[PDB]
Visitor: 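I have a structure here, written as structure tokens, and I will follow up with some questions on it.
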Amino acid sequence: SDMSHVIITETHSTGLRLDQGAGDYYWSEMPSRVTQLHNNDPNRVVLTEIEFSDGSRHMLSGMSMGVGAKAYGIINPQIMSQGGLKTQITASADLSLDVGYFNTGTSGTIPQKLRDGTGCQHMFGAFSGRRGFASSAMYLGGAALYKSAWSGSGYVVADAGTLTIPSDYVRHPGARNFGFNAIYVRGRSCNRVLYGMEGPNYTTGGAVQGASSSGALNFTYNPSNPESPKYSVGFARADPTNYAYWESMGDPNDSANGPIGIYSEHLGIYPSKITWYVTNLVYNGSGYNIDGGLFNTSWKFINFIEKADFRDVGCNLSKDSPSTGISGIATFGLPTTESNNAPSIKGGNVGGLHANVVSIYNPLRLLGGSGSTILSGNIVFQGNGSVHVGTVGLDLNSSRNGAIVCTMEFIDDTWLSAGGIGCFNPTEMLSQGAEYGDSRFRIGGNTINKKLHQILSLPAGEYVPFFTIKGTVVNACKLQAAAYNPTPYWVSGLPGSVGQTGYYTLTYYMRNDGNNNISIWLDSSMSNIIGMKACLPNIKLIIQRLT
Amino acid sequence: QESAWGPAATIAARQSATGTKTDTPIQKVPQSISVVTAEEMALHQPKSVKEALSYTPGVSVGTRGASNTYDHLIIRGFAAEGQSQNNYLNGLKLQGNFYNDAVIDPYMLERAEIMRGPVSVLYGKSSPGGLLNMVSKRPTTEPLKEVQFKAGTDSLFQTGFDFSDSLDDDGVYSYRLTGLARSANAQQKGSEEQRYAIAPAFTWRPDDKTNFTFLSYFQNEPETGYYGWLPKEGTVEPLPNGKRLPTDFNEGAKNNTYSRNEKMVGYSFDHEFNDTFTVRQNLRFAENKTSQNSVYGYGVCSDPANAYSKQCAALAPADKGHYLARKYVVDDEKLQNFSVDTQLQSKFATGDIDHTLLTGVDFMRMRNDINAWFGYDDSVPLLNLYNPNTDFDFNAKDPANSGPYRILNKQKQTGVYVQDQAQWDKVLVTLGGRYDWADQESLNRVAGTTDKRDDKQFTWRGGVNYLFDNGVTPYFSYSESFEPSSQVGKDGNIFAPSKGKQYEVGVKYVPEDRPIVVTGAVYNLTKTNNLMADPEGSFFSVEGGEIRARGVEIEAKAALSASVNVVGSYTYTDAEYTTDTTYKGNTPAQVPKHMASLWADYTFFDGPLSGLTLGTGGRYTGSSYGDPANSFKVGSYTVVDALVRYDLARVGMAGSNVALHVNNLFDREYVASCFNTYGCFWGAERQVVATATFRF
Ligand SMILES: CCCCCCCCCCCC(=O)O[C@H](CCCCCCCCCCC)CC(=O)N[C@H]1[C@H](OC[C@H]2O[C@H](OP(=O)([O-])[O-])[C@H](NC(=O)C[C@H](O)CCCCCCCCCC)[C@@H](OC(=O)C[C@@H](O)CCCCCCCCCCC)[C@@H]2O)O[C@H](CO[C@]2(C(=O)O)C[C@@H](O[C@]3(C(=O)O)C[C@@H](O)[C@@H](O)[C@@H]([C@H](O)CO)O3)[C@@H](O)[C@@H]([C@H](O)CO)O2)[C@@H](OP(=O)([O-])[O-])[C@@H]1OC(=O)CCOC(=O)CCCCCCCC
Ligand SMILES: CCCCCCCCCC[N+](C)(C)[O-]
């Protein structure tokens, strides 16, 4: 009774529905207790299990991101300079599935309701230029959109001279302060919305057209002096299912600017039920406290059986090598468990994966200790490569298998820059080299509590993914003309003023070294991208053993 | 007795091939035209063709100030497209692209005629403002053996020669060899100028009807001098401490270089079959190369153009006013130009009307391969203007703040024109037209992208002259022009050509018994389809702009006595952006409202001072706006030039003379012009030149 047993105190379930115009967003209103726990008691570890129509069940784990970005840098030395950036970022509360939370009170359909939920697309845009000789004002928009301390291209913009986004204007999947009361889940990945290459037009109202928008902010510097450079920076949350763009700044679906689309890798599985396993684990800033379930009816236990009455649930993935063997979009299959407790991987294109499963039956007590680290910094990748990035100081030999409770506490909104291309100033790449700039989106001080709790096993020596970022980017050219020379940001060149499409996948792995340490590994896989700057998402990882 | 430049200015300067492509007296030309002869240029000794036109109306010859790199002219408030030079040599365009513009030394020239207003009816695509036509020195009937020496201020040294003779004894074969080697220090410290030019010419004249002259001109300029920009803070207006930059300020790097090489060969052939049919053909092939490593200023750090530059940002807000932001350009160009112009002149009578029908075919082709690298913002370290220059690494081409410009420009123009000068008693109507097929092709070698546009344009000119027996010749003409655009819009297509139309009413006083040439003209010249800024939040250009220029030009040449010759001119210019997204209603930069110039020289023909010529002159430039926004204004100035010339004929050397030229006699420190707040040019300092010409 005193040994800090981890027990599931209460269980709640809901049936998903494709109602209210939700085409592929299987949604449901959360049970009142689940909503109260998710919002007003975020320290309590609640496990979320998705059950699919084929009978496979998966326990939500990790985080994932979806980036769609475009940028161009045309210039003519005698006439003008003009540049633009546009990035759409989606996030999910799962590594492979598209999971998020929203309010049923918001107007519109479910996709339009997502404009105020965690499933929205965070749209950032900058447009700049200057009419004059030898102008470099193509990069002024990038200098305004991103906060960078790096000494490079001439333009630097002060905080008062650009737009800063308050922390409450963005929607993290684990945000607990917005009072979400509904959940959605898809058997797909986050939408990588690839549309548009420019921010708001400074001669217009800056309105957002297309998708239902909310939280729209924009800054405009439009002096009456014709010699001054002009730039505009905009932000808006939009419905993830539609193309969102600023007024008079739409995307031409032409060769110079690359393709358009909404990209999401399907998994071949369709959700049908969601279960919440409320446990007695209470996160306390540094570790976890066993509170409740003291030694009853409907009191499930959790265990990691090392291979009938047990309900096995696939929790996390394990691979022997951090490299995915892919160059471009690397999709991890979903670790599920069939109706007969048989682990399997559903979908994806990464090989060598193993499905780790949990056992829920009606032990695995807390083991004293725990440890934490903050994944902070910038990693520069010049191709496909895996880099050791972190370490959490705890010994996993005492734990039953590698069972742990993991909490990713996001201190600030650096997660919005956790991606590569599109999450930093593309002018960082122009000064070729291993320069480690800190270019990031100008988000304000933190006021939103962002936590994700998961339980997962770390096999000895194997790599466990817990944070993926998928990005579809286009190094665009505004137009195809000899008069204006486009800037190659992350490609060798634009061989015909044709937009060069690129793909990448950043994955963070948690490896049980066995030398009383947990190492953190960041892996990158690129296609048609010469270099990238990954920003560590400032994630505080809290890990506690389970035995 | 009278001097050589006397009759030259008032008699020899009355014939004009330019403006009609036929040898027509100026009073019979329906358009304003000014002629400067070799004798006038011998007297004044202009440093370039620009200074030769210092006493003609409607042209702004010194907007660039002390710089001598190009012979750029602003005629009637207008310049060529791309701020190029609309200069013609021997009736064929000296076509240039980008920085590859050719200049002809005035010592190699026999005449310089400037046509004012549209002349596209004869010369194809051209600026609305006008045209400068230079005539190369031709072999002389009589022998010529002239050597010239110059020793001026700023370490100026020029040695030149001009030899002409007849190979045979009758005169069918004759040649001419004109050369000069010029070395000087530029006004701006650390800049020098070197020029070597030679002009071999050869005339084959089997008889009086036929004439074939081979014209060549080879020029080498290891250093062309200063071509930089200076801020208006420090030149027009005081620096924050209350001082001004010295007139010899050089904002460039120590290793700033600027080279030019010119090689042109051609011929001028005319032949008269009979009194009815005459044929003329002008041909020239030119190969010009330009190289350059230039660091140039781009206004102070407090200029709006440098609003967010990192280097200016790190300065204290007080210090931002006296730090000069700078950029650089590294350029290497190779231009190939070929032009041939064939004319058939027909003379016939239709009853009581005398017809001079000119039918011509003109072909031009240009190619320019540019290999440039441009420094953008923060590509050059800031320069402190309070300091009492070092090297620059032109090869460290950082892609963060610089970029390539590798362009192959191709141009082609074919034109067929018909002109009719029908004369009835005293009325002479001039009706002409021309059809052009200008094609342009531009290839971006960095991205392998091509821009191409073919233009079909028709321009016509119509003028009437009434020839009073008093010499008074009232006239009026309407002239059209076109100039194909080089920019592209949002869709990547080259714009339609801009067009210039002009109504001009004038009076010419060219008496037949007196040495006086007085001409006046009032004009209304409009350039429609001008390119302007996008009003819809884009930085591309759009069509639809319009600039209108009205004004009055008065020019007077007279020989009041056999000893006194007076050349004067006055100009009133009203240039205004009639339609434009910005600058609407503004006056274009570097265009003064009033310009005046007066010259007078006195020659002693008797007494102890016999053979001495005293010359003096003064050019006034009114205030002009320093930028298209008309934010600030460049003040007026008056520059006085003196001249002392002594004919060495009495001392024993006939034809020889020694002269002493002082330009800017009162050493006025003035800003010549500014095209924007960051590009300003100092006027030339006082220059004293002693020159000796010996005729053997
Ligand atoms: C008897 C009475 C007079 C009778 C007078 C009659 C003359 C009439 C001539 C009209 C035609 C014309 O205009 O003739 C010009 C000028 C020639 C001089 C003329 C006489 C002057 C003076 C006249 C005489 C005065 C008295 C030729 C020219 O300009 N050529 C330059 C050339 O560029 C133009 C080319 O394209 C054009 O068309 P485009 O494709 O662009 O659309 C042309 N077509 C036209 O015009 C058609 C036109 O519209 C039709 C209408 C005609 C109207 C006629 C009516 C009127 C008739 C009047 C009656 C085409 O001409 C021709 O096709 C031939 C023919 O037309 C000329 C033959 C007759 C004239 C000569 C005898 C001379 C006559 C006899 C005189 C003795 C030409 O080839 O580039 C070369 C360099 O190439 C590279 C290099 O590798 O670097 C590679 C290249 O790449 C490429 C590549 O792109 O090529 C691609 C790659 O994939 C790869 O394949 C790579 C390959 O590896 C490479 O093989 O080539 C590229 O990258 C470039 C890069 O752009 C760098 O800029 O660089 C230059 O070499 P450089 O610079 O390195 O040395 C070269 O300059 C040099 O030759 C010029 C040398 O001067 C001297 O000799 C002058 C000496 C004079 C005598 C001295 C005084 C005597 C006392
Ligand atoms: C003549 C075309 C020039 C295009 C670029 C203009 C800016 C650079 C000018 C440099 N400089 C002042 C030396 O001419």
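Letters go in sequence order (proteins before strands), and every chain restarts at 1. Side chains are part of it too, since the values below use all heavy atoms of this structure and drop only hydrogens, waters and symmetry mates.
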Visitor: Heavy-atom cut-off 4.5 Å, strictly under: side chain, backbone, both or neither for A/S497 against chain B?
Guide: both
Visitor: Between B/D451 and A/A483, what is the shortest heavy-atom contact and its length?
Guide: OD2-N, 3.2 Å
Visitor: Give, as side chain, backbone, both or neither, the part of A/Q432 having an atom under 4.5 angstrom from any heavy atom of chain B.
Guide: side chain
Visitor: Just how far is it from atom NZ of B/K310 to atom CH2 of A/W150, taken to the nearest 0.5 Å?
Guide: 7.0 Å
Visitor: A/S232, A/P226, A/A256, A/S224: which one forms the most heavy-atom pairs within less than 4.5 Å of chain B?
Guide: A/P226
Visitor: Examine distances only and state if a side-chain atom of A/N201 and a backbone atom of B/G537 form a donor-acceptor pair shorter than 3.5 Å.
Guide: yes
Visitor: Find out whether A/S153 and B/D378 are in side-chain contact, i.e. whether some heavy atom of one side chain is under 4.5 Å from a heavy atom of the other.
Guide: no
Visitor: Which atoms of A/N222 come close to chain B, meaning under 4.5 Å heavy atom to heavy atom: side chain ones, backbone ones, both, or neither?
Guide: neither
Visitor: Answer with side chain, backbone, both or neither: which region of A/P495 has an atom nearer than 4.5 Å to a non-hydrogen atom of chain B?
Guide: backbone
Visitor: With chain B as the partner, which of A/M80, A/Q82, A/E428, A/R131 has the greatest number of non-hydrogen pairs under 4.5 Å?
Guide: A/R131
Visitor: Please find the pair of heavy atoms, one from A/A482 and one from B/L443, that lie closest to each other, and give the distance.
Guide: CB-C, 4.2 Å
Visitor: Below 4.5 Å, heavy atoms only, C-beta onward: do B/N676 and A/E227 meet side chain to side chain?
Guide: yes
Visitor: To the nearest 0.5 angstrom, please state how far the CZ atom of B/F98 sits from the CD atom of A/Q78.
Guide: 5.0 Å
Visitor: Using the rule given for side chain to side chain contact (heavy atoms under 4.5 Å, CB included), can you reason through A/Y139 versus B/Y308, listing the C-alpha separation, both sets of side-chain angles and the distance that settles it, and then say yes or no?
Guide: CA-CA 11 Å; A/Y139 313 143; B/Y308 299 99; over 6 Å; no
Visitor: Looking only at side-chain N and O atoms, does B/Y405 offer a donor or acceptor that is under 3.5 Å from a partner on A/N485?
Guide: no
Visitor: Check whether more than 12 heavy atoms from other residues, nucleotides or ligands sit under 6.0 Å from atom NZ of B/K452, and answer yes or no.
Guide: no
Visitor: Does B/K327 use its side chain to pair, donor to acceptor, with the backbone of A/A134 at less than 3.5 Å?
Guide: yes
Visitor: How are the rings of B/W229 and A/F133 set relative to one another: parallel (under 30°), tilted (30 to 60°) or perpendicular (over 60°)?
Guide: tilted
Visitor: Check B/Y298 against A/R130 and note the closest heavy-atom contact, atom names and distance.
Guide: OH-NH1, 2.6 Å
Visitor: So what's closer than 4.5 Å to chain A heavy atoms on B/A305: side chain, backbone, both or neither?
Guide: both
Visitor: Could you check if a side-chain atom of A/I75 sits within less than 4.5 angstrom of a side-chain atom of B/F374, using non-hydrogen atoms only?
Guide: no
Visitor: Closest approach of B/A313 and A/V156, non-hydrogen atoms and distance?
Guide: CB-CG1, 3.9 Å
Visitor: How many angstroms lie between atom OG of B/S538 and atom CZ of A/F127, to the nearest 0.5 angstrom?
Guide: 5.5 Å
Visitor: At a heavy-atom separation under 4.5 Å, does A/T220 approach chain B through its side chain, its backbone, both, or neither?
Guide: neither
Visitor: Check whether more than 12 heavy atoms from other residues, nucleotides or ligands sit under 6.0 Å from atom OH of B/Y625, and answer yes or no.
Guide: no
Visitor: Considering only heavy atoms, which portion of A/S81 lies under 4.5 Å from any heavy atom of chain B: side chain, backbone, both, or neither?
Guide: backbone
Visitor: Please identify, among A/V157, A/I79, A/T487, the residue contributing the most non-hydrogen atom pairs under 4.5 Å to chain B.
Guide: A/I79
Visitor: In this structure, are over 12 heavy atoms from other groups packed under 6.0 Å from A/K147 atom NZ?
Guide: no
Visitor: Select one option (side chain, backbone, both, neither) describing which atoms of B/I407 are under 4.5 Å from chain A's heavy atoms.
Guide: side chain
Visitor: What part of A/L479 lies closer than 4.5 angstrom to a heavy atom of chain B: side chain, backbone, both or neither?
Guide: side chain
Visitor: Heavy-atom distances under 4.5 Å only: say whether A/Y489 touches chain B with side chain, backbone, both or neither.
Guide: neither
Visitor: Which pair of non-hydrogen atoms, one from A/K230 and one from B/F539, has the smallest distance, and what is that distance?
Guide: O-CZ, 3.7 Å
Visitor: A/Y155 versus chain B, heavy atoms under 4.5 Å apart: side chain, backbone, both or neither?
Guide: both
Visitor: Okay, side chain of B/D377, backbone of A/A137: is any donor-acceptor separation there less than 3.5 Å?
Guide: no
Visitor: Please report the interatomic distance OG(B/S486) to CG(A/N76), rounded to the nearest 0.5 Å.
Guide: 7.5 Å
Visitor: Any idea which heavy atoms bring A/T203 and B/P535 closest together, and the distance?
Guide: CG2-O, 3.8 Å
